[PDB]
Amino acid sequence: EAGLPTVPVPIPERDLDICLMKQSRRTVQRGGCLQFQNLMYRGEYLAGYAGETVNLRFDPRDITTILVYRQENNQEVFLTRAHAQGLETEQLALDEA
Amino acid sequence: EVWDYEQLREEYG
Amino acid sequence: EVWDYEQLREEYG
Amino acid sequence: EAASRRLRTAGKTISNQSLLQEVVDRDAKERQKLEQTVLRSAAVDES
Amino acid sequence: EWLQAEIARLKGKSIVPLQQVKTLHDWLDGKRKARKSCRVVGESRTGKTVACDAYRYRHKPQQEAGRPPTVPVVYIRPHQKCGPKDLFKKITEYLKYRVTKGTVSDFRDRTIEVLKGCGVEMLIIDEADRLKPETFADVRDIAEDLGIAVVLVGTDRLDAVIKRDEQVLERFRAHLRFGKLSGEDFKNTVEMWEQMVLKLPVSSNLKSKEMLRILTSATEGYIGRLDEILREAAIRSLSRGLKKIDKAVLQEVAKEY
Amino acid sequence: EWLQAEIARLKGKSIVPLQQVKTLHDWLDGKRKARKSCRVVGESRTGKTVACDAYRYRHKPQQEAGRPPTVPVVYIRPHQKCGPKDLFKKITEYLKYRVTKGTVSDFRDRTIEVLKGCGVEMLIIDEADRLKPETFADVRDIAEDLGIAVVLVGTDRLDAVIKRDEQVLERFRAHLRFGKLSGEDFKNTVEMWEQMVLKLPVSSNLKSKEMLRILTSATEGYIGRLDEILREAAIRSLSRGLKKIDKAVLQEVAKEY
DNA sequence: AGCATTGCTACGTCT
Ligand SMILES: Nc1ncnc2c1ncn2[C@@H]1O[C@H](COP(=O)(O)OP(=O)(O)OP(=O)(O)O)[C@@H](O)[C@H]1O
Ligand SMILES: Nc1ncnc2c1ncn2[C@@H]1O[C@H](COP(=O)(O)OP(=O)(O)OP(=O)(O)O)[C@@H](O)[C@H]1O
Ligand SMILES: [Mg+2]
Ligand SMILES: [Mg+2]
């Protein structure tokens, strides 16, 4: 407490849970839909885009949903959150899938 | 449309 | 109340 | 033994010829192969 | 009295035109057209029997005056350890013939005689895994000598039985797999049950995502679980004076599995 | 003399209306309405068989003039390694028919004939684990060809037999477990066995909390240990000329284990 | 047509 250079900023918990694991050099489909590790996915705003390289972030302990990212102006920018096709009544983990 | 198991027998008969 | 197997053999039997 | 365990995953009939057919192409290396081939290769000089 | 009639309705079974049933019916129409023998395989209570039963009611016998009936599809469920005379007796009795005591050869010839003339073109054998190994040779000869698409129905226990006989496996390789269902079509199927099957006076709203969760956990995608839970939940709720199925009863049922 | 008549009742068996039995009877009533096949499970001597017999008796055969009897509940216990013929024989004899000589096919057709018309609506199979693996197919055929709720009763030994056939497992999935008693329910039960069952000449006051340790250590909460202890002690007390179960007698009995 | 991405299998290599 006396040795830190100045009082650090206490970050929002959700921000580290945005610091999820990510996958890259994947592509969005030419539609409202997605894929990951033979799971198949839907996304609310993906239909505005043709098939293109995409980046995506996921909780390995809750692969029920993914956060999707785009490289706007050479910077990562949010596309949308996304879900497995029809999956809502239950939740899934990555290791068991 | 409903398809009652007894009506299938009645139709099949 | 309690019952006997031998009564039940006559009574229900 | 080991062929009989795994060959039933093919649904094959188990017989003299089918276990032979499961042996004649075992040339298709790993530790237990290394050990046994070396271990056999020691004794075969006996005459 | 209201209750006893509706309870007796719920106590009986019903049939619902699910996409799996529609898929099988088109597949069986292709096999029957081609005279292709095949097997239908899938886990218990996935609805194979109800689907095969609905297929024979859709292709009912045609009667013409003074002839034996034209019966394109014959459906049999063998008894356990069915021998050849048992099999022949099943087929001849389905075609509305009485068997006369005789040898296996006599039962065989009489069955072959009436499989012709009744114009049979598909034979569905439900739970074919009940067949003795020797009676599979008569099943194969029906498929080979006559122009009849034999359909074997069973669980993976059927696949175990036929893989033990090379000649049966190779004749019945073409197969359709029945699946358990989850998500969207499951949600539709739950909604279809409360719309078309339960018919309770007041809405149970089983479409509700939390109700779909507990049903997902208990039914585990088997249509024969989904039907039995809702029917049992209806009878309890109606008997307890409730116009509705609701979680207080539905989860008492769901915990029972 | 008095003492030999008390021994003659104390060596007998009786029925006590425990809340466990009541709970099963409400459940079996619900299954019998829905025709829901199910199972009753739980450790040995937990009271399952006595609870099933009590359900048979309260739903006894109803006579109708010149008709076969209406027998809503059939209870059977198979002999060990019960085959199909053994099953059919026990069902038909329970309905007060005589089996003739015949094939399994004759026995089956006769059993299905008398399961109809006698109006059977529940079949309880106690020691259901004694059924041969092949005869469950006939049990399953009864459950779905007729509107009969089949109740399989066994210990966890039955669940091993059931899970070896997924067609049985998926038909009898719904279950009720008889558990061991504890605490106030055990205390009330122990109180009942003094004041309803034994009805002994002088009280032992079995609400006593300390000696309840002696019972628990022998009894483990099994009713079929509890009912055994007190009859052993009472016969000894009345043989020894003791008007009560003394601690010296209870602990001596409870020490035989 | 063209590949192009997607989901496994090493063969290390390190704690
Ligand atoms: N299409 C359907 N419409 C309505 N109810 C259905 C349907 N399919 C299944 N059911 C319900 O599920 C139960 C089980 O279905 P079914 O008897 O067809 O199963 P199965 O696959 O033949 O089973 P098994 O392999 O155990 O013999 C039915 O008795 C009925 O209660
Ligand atoms: N409700 C009861 N009233 C009176 N005696 C009982 C009762 N339940 C159990 N018993 C006594 O305990 C014994 C065990 O009961 P029961 O035979 O019903 O158990 P079970 O669980 O069916 O046993 P198992 O699985 O070993 O065949 C009976 O023989 C009887 O002596
Ligand atoms: Mg079936
Ligand atoms: Mg018992």
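Read the numbers this way: they start at 1 and go in the same order the structure lists the ligands and their atoms. Values reported hereafter were calculated over all heavy atoms of this structure, with side chains retained and with hydrogens, waters and symmetry mates removed. Below, chains carry the letters A, B, ... as their sequence lines are ordered, and counting in each starts from 1.
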Specify the protein heavy atom at minimum distance from atom 4 (C) of ligand 2: its residue, its atom name, and the distance to 0.1 Å. F/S14 O, 3.1 Å
Of F/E144, E/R231, E/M196, E/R45, the one whose closest heavy atom lies nearest atom 19 (O) of ligand 1 is E/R45
Considering non-hydrogen atoms of the protein only, which is the closest contact for atom 12 (O) of ligand 1, and what is the distance? E/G224 CA, 3.1 Å
Between ligand 2 and F/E43, can you find any atom pair, the residue atom being a heavy atom, that is separated by under 4.0 Å? yes
among protein heavy atoms, the one nearest atom 3 (N) of ligand 1 is E/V16 N, 2.9 Å
Mind checking whether F/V197 contacts ligand 2 via backbone (N, CA, C, O), side chain (CB onward), both or neither, at a 4.0 Å heavy-atom cut-off? neither
Contact with ligand 1 for B/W3, non-hydrogen, under 4.0 angstrom: no
What do you reckon, does F/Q167 put a non-hydrogen atom under 4.0 Å from ligand 1? yes
Give the residue, atom name and distance (to 0.1 Å) of the protein heavy atom nearest atom 31 (O) of ligand 1. E/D227 OD2, 2.6 Å
Do the charged groups of F/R9 and F/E6 touch, with an N to O distance under 4.0 Å? yes
Judging by distance only, is a nitrogen or oxygen of E/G47 under 3.5 angstrom from one on ligand 1? yes
Do the side-chain N and O atoms of E/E256 and F/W27 include a donor-acceptor pair separated by under 3.5 angstrom? yes
Specify the protein heavy atom at minimum distance from atom 26 (O) of ligand 1: its residue, its atom name, and the distance to 0.1 Å. F/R171 NH1, 2.8 Å
Atom 22 (O) of ligand 1 [closest protein heavy-atom partner, distance rounded to 0.1 Å]: E/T49 OG1, 2.5 Å
Please determine if E/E228 has a nitrogen or oxygen closer than 3.5 Å to a nitrogen or oxygen of ligand 1. no
Considering only non-hydrogen protein atoms, determine which one is nearest to atom 27 (O) of ligand 2 and report residue, atom name and distance to 0.1 Å. F/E127 OE2, 3.2 Å
Write out the residue and atom name of the closest protein heavy atom to atom 25 (O) of ligand 1, then the distance separating them to 0.1 Å. E/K48 NZ, 3.0 Å
Per-residue contact class, F/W193 against ligand 2 - non-hydrogen pairs under 4.0 Å: side chain
N/O of E/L18 under 3.5 Å from N/O of ligand 1, yes or no? no
Identity and distance of the protein heavy atom lying nearest atom 2 (C) of ligand 1: E/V50 CG1, 3.7 Å
